[PDB]
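Below is one structure, written out as structure tokens, with a few remarks after it.
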Amino acid sequence: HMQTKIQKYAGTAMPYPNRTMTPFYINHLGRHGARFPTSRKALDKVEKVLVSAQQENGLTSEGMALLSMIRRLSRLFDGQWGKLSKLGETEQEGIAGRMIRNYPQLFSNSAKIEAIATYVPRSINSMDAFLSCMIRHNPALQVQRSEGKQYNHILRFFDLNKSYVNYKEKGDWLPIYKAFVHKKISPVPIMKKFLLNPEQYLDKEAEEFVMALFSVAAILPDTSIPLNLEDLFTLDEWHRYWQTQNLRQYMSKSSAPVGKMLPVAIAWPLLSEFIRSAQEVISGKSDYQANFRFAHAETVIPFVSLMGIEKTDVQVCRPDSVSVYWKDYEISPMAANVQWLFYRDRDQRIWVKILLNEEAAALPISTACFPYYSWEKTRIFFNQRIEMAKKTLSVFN
Numbered sequence: 019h020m021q022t023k024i025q026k027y028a029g030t031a032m033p034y035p036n037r038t048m049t050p051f052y053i054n055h056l057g058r059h060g061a062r063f064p065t066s067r068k069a070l071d072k073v074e075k076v077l078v079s080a081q082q083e084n085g086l087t088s089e090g091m092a093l094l095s096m097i098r099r100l101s102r103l104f105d106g107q108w109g110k111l112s113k114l115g116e117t118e119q120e121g122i123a124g125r126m127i128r129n130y131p132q133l134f135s136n137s138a139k140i141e142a143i144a145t146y147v148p149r150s151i152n153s154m155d156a157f158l159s160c161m162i163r164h165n166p167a168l169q170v171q172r173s174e175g176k177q178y179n180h181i182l183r184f185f186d187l188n189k190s191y192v193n194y195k196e197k198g199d200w201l202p203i204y205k206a207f208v209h210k211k212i213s214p215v216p217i218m219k220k221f222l223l224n225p226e227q228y229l230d231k232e233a234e235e236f237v238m239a240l241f242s243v244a245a246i247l248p249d250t251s252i253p254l255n256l257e258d259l260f261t262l263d264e265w266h267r268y269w270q271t272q273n274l275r276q277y278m279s280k281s282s283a284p285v286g287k288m289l290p291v292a293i294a295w296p297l298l299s300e301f302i303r304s305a306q307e308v309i310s311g312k313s314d315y316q317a318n319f320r321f322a323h324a325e326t327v328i329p330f331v332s333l334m335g336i337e338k339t340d341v342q343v344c345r346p347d348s349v350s351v352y353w354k355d356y357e358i359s360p361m362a363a364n365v366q367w368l369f370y371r372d373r374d375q376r377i378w379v380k381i382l383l384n385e386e387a388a389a390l391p392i393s394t395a396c397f398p399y400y401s402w403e404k405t406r407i408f409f410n411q412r413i414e415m416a417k418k419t420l421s422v423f424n
């Protein structure tokens, strides 16, 4: 289907997909829901280009239309940047709703749940929407709710690690990304529909215009604004745009060889915390029925690769090949989430199921009863992942 594939090409801007025994505990991490754009850079650039053209009589008919809409968008986004949208809230109500309905026993009576979020409002509002749905279904829940910079160590590790911040900003992946954009993004066919003399434009300025335009269009379906630009581009053009953003995500935030696993290793404190909270619930030190955490794409992506969920930590030496093996939209769409579901069988042995975006995920260890894995084997495996992460990090101060 062309419709679903077009949405995929929004990559990490993709709206959460459609998703329409009982565990004793659920361990959760969840990106905020669908949001407004975080930066006005792409919009202003697209507008600076159009408006400068409207002066030198350089706009086509479709060009004139685009500019009017771009100006309007500029208005609608004003003061709204980075905020959670109505769609974002409904995504959370739906995730929480499906959990409640699927495991009513878990959240029945006076179950205790705890939730944390980062200081980022879109993350907090996400938690709120998620929590509000839960309480509505069972007003008798005990709920502990908190948030702030004090969770920076486990929810924003990507800001704390000096080496990573240097890598993300000025590291070796940049030139690679930039050469790949040049190869894959053919600007002129696209600019031809908005501008007279598309050929007069420099590849650099042309490439920027067109990237900014893809970015605007990519984010629009997340704003709950009844406007659409997905139509300005052909499927192939979206395919190409996406391949480039996909490569950026992979190299900047995941297991690309050029990153040396630095982007993945930084998530070890979060994995560590996940294991502790489950162990404490297993021992009975804690007695929560669920821990929920609300954070970002930058939290989810490396976390998932660090968990070793199959096809997320792959190390692809060749850039042009990443799109085949690693799909950002499958990992970190809007409202992306990981849930560990813990079960106890008839003989008291603990099993765990790993859901990524509410689909059962695979680990590179064996089980006689997929999708359930032995908690003991699993924890040993995660503990190895963590120890590897600590070494990786030790190689980079």
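Letter by letter, the sequence shown follows residues 19 to 38, 48 to 424 in PDB author numbering.
Each residue gets a CB set at the ideal place from its N, CA and C atoms; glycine is no exception.
Residue span of the beta strand (DSSP E) that contains residue i, given as start and end
i, result
"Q171", "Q169 to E174"
"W367", "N364 to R371"
"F319", "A317 to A322"
"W108", "That residue, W108, is in no beta strand (DSSP E); it is neither H nor E in DSSP."
"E234", "Run containing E234: none in the beta strand (DSSP E); it sits in the alpha helix (DSSP H), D230 to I246."
"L382", "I377 to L383"
Residue i versus the options, residue with shortest Cα-Cα distance
i, options, result
"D347", "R406, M20 and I203", "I203"
"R183", "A387, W295 and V422", "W295"
"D258", "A244, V170 and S150", "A244"
"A142", "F408, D374, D372 and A322", "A322"
"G115", "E196, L247 and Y130", "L247"
"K280", "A363, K195 and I97", "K195"
"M334", "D314, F319 and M288", "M288"
"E357", "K220, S173, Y228 and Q276", "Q276"
"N384", "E403, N364, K211 and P290", "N364"
"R320", "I140, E83, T117 and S79", "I140"
"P35", "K205, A283 and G121", "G121"
"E264", "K231, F301 and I212", "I212"
"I336", "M96, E174, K231 and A388", "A388"
"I302", "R406, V285 and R149", "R406"
Distance between residue j and residue i (C-alpha atoms, nearest Å)
i, j, result
"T419", "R58", "25 Å"
"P214", "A317", "49 Å"
"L274", "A167", "46 Å"
"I127", "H164", "8 Å"
"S310", "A123", "26 Å"
"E307", "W378", "15 Å"
"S190", "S421", "11 Å"
"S359", "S299", "21 Å"
"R371", "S304", "17 Å"
"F236", "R62", "23 Å"
"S137", "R373", "24 Å"
"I328", "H209", "26 Å"
"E386", "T145", "25 Å"
"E74", "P216", "19 Å"
"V343", "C160", "41 Å"
"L93", "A239", "13 Å"
"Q119", "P225", "43 Å"
"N129", "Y315", "18 Å"
"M32", "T22", "10 Å"
"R172", "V351", "40 Å"
"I252", "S79", "26 Å"
"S88", "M20", "27 Å"
"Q107", "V170", "30 Å"
"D249", "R125", "21 Å"
Range covered by the alpha helix (DSSP H) that runs through residue i
i, result
"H209", "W200 to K211"
"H55", "No alpha helix (DSSP H) holds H55; the beta strand (DSSP E) holding it covers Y52 to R58."
"residue 39", "The model contains no atoms for residue 39, which sits in the stretch where the chain goes from 38 to 48 directly."
"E116", "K113 to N129"
"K189", "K189 to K197"
"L298", "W295 to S310"
"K139", "Segment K139 to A144 is the beta strand (DSSP E) holding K139; no alpha helix (DSSP H) there."
"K26", "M20 to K26"
"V349", "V349 to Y352"
"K287", "Where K287 is concerned, there is no enclosing alpha helix (DSSP H), given that its DSSP letter is neither H nor E."
"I358", "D355 to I358"
"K280", "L262 to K280"
"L182", "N179 to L182"
"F409", "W402 to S421"
"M161", "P148 to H164"
"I217", "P214 to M218"
Beta-carbon separation (whole angstroms), residue i vs residue j, contact threshold 8 Å
i, j, result
"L56", "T326", "7 Å"
"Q366", "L390", "Contact doesn't hold; Cβ gap of about 14 Å is too wide."
"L222", "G90", "6 Å"
"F104", "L70", "7 Å"
"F51", "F369", "6 Å"
"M278", "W200", "4 Å"
"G60", "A362", "5 Å"
"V291", "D355", "Not quite, the Cβ-Cβ distance comes to about 15 Å (not below 8 Å), so this is no contact."
"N193", "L187", "Their Cβ separation, rounded to whole angstroms, is 13 Å, which puts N193 and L187 out of contact at 8 Å."
**Message:** Check whether the region 253–269 and the region 20–28 are in contact - that is, three or more C-beta pairs closer than 8 Å.
**Reply:** The answer is yes - the region 20–28 touches the region 253–269, with three or more Cβ pairs under 8 Å.
**Asked** Is the region 403–417 touching the region 280–296 in the sense that three or more CB pairs, one from each, lie closer than 8 Å?
**Response** Yes, the region 280–296 touches the region 403–417.
**Request:** For the region 110–126 and the region 149–159, state whether three or more C-beta atom pairs, one from each stretch, are separated by less than 8 Å.
**Result:** Here the region 110–126 makes contact with the region 149–159; the two share three or more CB pairs at distances below 8 Å.
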